[PDB]
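Structural features, examined
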2 protein chains.
Amino acid sequence: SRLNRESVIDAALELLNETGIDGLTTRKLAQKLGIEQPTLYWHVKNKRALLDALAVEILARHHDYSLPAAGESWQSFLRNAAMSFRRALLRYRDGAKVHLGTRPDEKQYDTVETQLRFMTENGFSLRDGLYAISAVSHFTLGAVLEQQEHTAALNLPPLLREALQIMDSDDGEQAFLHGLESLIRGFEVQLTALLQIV
Amino acid sequence: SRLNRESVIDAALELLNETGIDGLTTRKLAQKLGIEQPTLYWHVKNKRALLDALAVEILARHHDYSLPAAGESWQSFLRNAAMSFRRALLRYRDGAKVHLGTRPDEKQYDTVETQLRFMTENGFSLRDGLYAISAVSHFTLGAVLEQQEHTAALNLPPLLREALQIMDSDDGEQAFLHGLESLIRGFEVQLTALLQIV
Ligand SMILES: [Cl-]
Ligand SMILES: [Cl-]
Ligand SMILES: [Cl-]
Ligand SMILES: [Cl-]
């Protein structure tokens with residue numbers, strides 16, 4: 001088949017969905033593209049390079065709320081960017097595992113830069129802007145990984161038998177959205193406090 | 001060597017530290033214990049069973065702040081339990097990945113039960129108690145996974161070149177502790193609000 005970057009990534013994401021991250025190999029990708037493994041190697045050197053590229057492409061294709069809108073509040077921005085990040089990770093099988101394994105791109109750096117500038121323009125120190133973005137990112141990756149890795153591996157007390165029911169309710173969105181508001185409000189409280197004991 | 005449960009788990013955790021989760025195999029474990037693979041199988045059927053057991057043992061050995069102290073506030077409890085959970089995951093290589101792959105034990109259920117009862121005794125609804133515990137857990141697993149998976153794979157803008165410096169500062173503790181306070185304060189605000197628009 002055609003072996004330009006875009007076509008290779010397309011095939012690899014389709015494979016990812018069929019196999020999961022642990023099952024994804026260059027040998028299967030070559031089979032999927034109708035080529036010998038040495039032909040693939042010219043284009044993609046190893047699994048690591050493949051996954052690095054997938055991780056970037058997934059956000060490039062699907063994380064379309066990475067930047068604030070004209071006039072958006074920083075609360076609203078973090079909320080929107082978290083939801084979008086979440087959706088993008090969930091779009092592919094083991095997507096969050098794919099994401100975790102990566103160090104960031106230059107574009108992601110331009111984008112992260114604009115995000116930190118935005119935060120600091122809104123009254124955050126560099127540190128606190130970064131801490132906030134990091135905590136959203138951690139909380140989001142954590143929740144998706146649990147949603148996703150719940151599937152990988154496949155008699156209860158009053159509250160817990162039922163904790164499990166409350167959860168086997170939707171995909172994880174309610175709990176996710178609820179903790180997200182709690183986090184943002186926490187940041188609010190912090191930012192508003194300035195040097196006052198809080 | 002001796003092949004009681006405890007000895008097998010000990011050897012397996014030591015192997016985990018030498019190999020990481022992806023590198024851990026029953027064949028290496030058997031070599032480490034001085035036995036043939038069919039002998040090991042009697043004791044541990046596969047990698048999956050092995051990892052399930054490790055995940056439980058790691059928290060049993062090292063997550064020693066899983067329950068509130070006499071008279072402890074729920075804020076203080078979540079803070080302490082988060083720090084402890086964090087430390088336990090960090091104690092072994094790929095520890096958070098080990099943890100993620102698991103569904104919980106019966107003991108973890110007794111323990112989680114007591115935690116949800118504690119939360120509800122303090123004024124949380126079941127839902128909100130669960131949402132809070134989940135968000136702490138997600139945020140913590142997220143942060144540790146990034147700390148840890150930062151290692152697995154091994155020119156910057158004013159703020160970001162420096163975002164990276166702020167981070168390459170400690171292990172992740174500062175950012176973690178800071179987001180943890182933000183989360184707890186968010187829960188506080190929520191709980192205190194009752195039915196008032198907040
Ligand atoms: Cl073609
Ligand atoms: Cl081509
Ligand atoms: Cl012996
Ligand atoms: Cl024995």
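Residues numbered from 1 in each chain as written, not as in the entry; some residues may be left out. Chains lettered and ligands numbered in written order. Heavy atoms only, no water. Residues with missing side-chain atoms left out of burial classes, pairs and counts.

1. A few points about the overall build of chain A
- Helix and strand content of chain A: 10 helices and 0 strands.
- Across chain A, helices and strands are ordered from the amino to the carboxyl terminus as α-α-α-α-α-α-α-α-α-α.
- Here the C-alpha coordinates of chain A stretch approximately 65 × 50 × 25 Å along the principal axes. (Helix = DSSP H or I, 4+ residues; strand = E, 2+ residues; numbered from the N terminus.)

2. Topic: the interface of chain B and chain A
- Facing the 46 residues of chain B at the interface are 46 residues of chain A.
- When contributions to the side of chain B that touches chain A are tallied by element, the ones reaching two or more residues are helix 7 (106-121), helix 8 (126-152), helix 9 (158-167) and helix 10 (173-193) of chain B.
- For the side of chain B that touches chain A, the element with the most residues is helix 8 of chain B, which contributes 13 residues.
- Of the residues belonging to the side of chain B that touches chain A, the class tally is 27 nonpolar, 10 polar and 9 charged. (Contact = heavy atoms within 4.5 Å. Nonpolar A, V, L, I, M, F, W, Y, C, P; charged D, E, K, R; others polar.)

3. A word on the UniProt feature "domain: HTH tetR-type" in chain A
- Per the UniProt entry, the sites bearing "domain: HTH tetR-type" are residues 2-62 of chain A in this numbering.
- Counted over residues 2-62 of chain A, helix gives 82% and strand 0%. Its end C-alpha atoms are 23 Å apart. (UniProt positions renumbered as here; feature names shortened; annotations may be inferred.)

4. A closer look at helix 5 (residues 74-90) of chain B
Residue and element names in this part refer to chain B.
- In this model helix 5 runs 24 Å from its N-terminal to its C-terminal C-alpha over 17 residues, within 8% of the 24 Å that 1.5 Å per residue would give.
- Burial runs high along helix 5: 12 of the 17 residues are buried.
- As for helix 5, its buried residues are in contact with helix 4 (47-62), helix 6 (95-100), helix 7, helix 8 and helix 10. (Expected span 1.5 Å × (residues − 1). Buried < 20%, exposed > 50% of the residue type's maximum accessible area, 1.4 Å probe, protein only.)

5. Let's talk about the domain arrangement of chain A
Residue and element names in this part refer to chain A.
- Once the domains are mapped, chain A shows domain 1 (1-65) and domain 2 (66-197).
- Centre-to-centre, using C-alpha coordinates, domain 1 lies 27 Å away from domain 2.
- With 20 residues of domain 1 in contact, the opposing surface of domain 2 contributes 22 residues.
- Buried area between domain 1 and domain 2, both sides added, is near 1900 Å², and the carbon and sulfur share of it is 59%.
- Contact with domain 2 buries area across many residues of domain 1, yet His62, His63 and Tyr65 alone supply 36% of it, more than any other trio.
- Counting the contacts that link domain 1 with domain 2 gives 0 salt bridges.
- Elements that contribute at least two residues to the side of domain 1 that touches domain 2 include exactly helix 1 (5-23) and helix 4 (47-62).
- No other element matches the 9 residues that helix 4 contributes to the side of domain 1 that touches domain 2. (Domains from an automatic or database assignment. Buried area = accessible area lost by both parts, 1.4 Å probe. Salt bridge = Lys/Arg side-chain N within 4 Å of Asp/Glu carboxyl O.)

6. Quick word on the environment of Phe124(A)
- Assignment of secondary structure puts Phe124(A) in the loop between helix 7 (106-121) and helix 8 (126-152).
- Ignoring anything within four residues of it in the chain, the contact list for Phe124(A) reads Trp74(A), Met119(A), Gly129(A) and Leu191(A).

7. A few points about the relation of the copies chain B and chain A
- At an RMSD of 0.0 Å, chain B and chain A line up after a rotation of 180 degrees and a shift of 0.0 Å along the axis. A rotation of that kind, with that shift, is consistent with a two-fold axis.
- Both copies present the same face, since 100% of the interface residues in chain B are matched by interface residues at the equivalent positions in chain A. (Least-squares fit on C-alpha atoms.)

8. Here's the deal with empty space enclosed by the protein
- When its volume is computed, the largest cavity comes out at roughly 70 Å³.
- Elements represented by at least two residues in the lining of the largest cavity include exactly helix 8 and helix 10 (173-193) of chain A together with helix 10 of chain B.
- Here the residues of the lining of the largest cavity are counted per class, giving 5 nonpolar, 3 polar and 1 charged.
- In this model, the second largest cavity occupies a volume close to 40 Å³. (1 Å grid on protein atoms, 1.4 Å probe; cavity = no way out; pocket = protein on both sides within 12 Å on 5 of 7 lines; lining within 4 Å. Points joined across faces, edges and corners; volume = space filled by probe spheres on them.)

9. Focus on the pattern of salt bridges
Residue and element names in this part refer to chain A.
- Counted under the stated rule, the structure contains 24 salt bridges over all chains.
- A salt bridge links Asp52 to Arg48; the shortest N-O distance between them is 2.5 Å. Of the two residues, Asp52 and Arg48 are both situated in helix 4; the distance of 4 residues between them amounts to about one turn of the helix.
- A relative accessible area of 26% means that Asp52 is categorised as partly exposed.
- Notably, a salt bridge pairs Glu121 with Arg117, separated by 3.0 Å at the nearest N-O pair. Linking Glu121 with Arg117, this pair stays in helix 7, spanning 4 residues, or about one helical turn.
- We classify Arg117 as partly exposed; its relative accessible area is 46%.
- A single network of salt bridges, built from pairs that share partners, joins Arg5, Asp10, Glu57 and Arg61.

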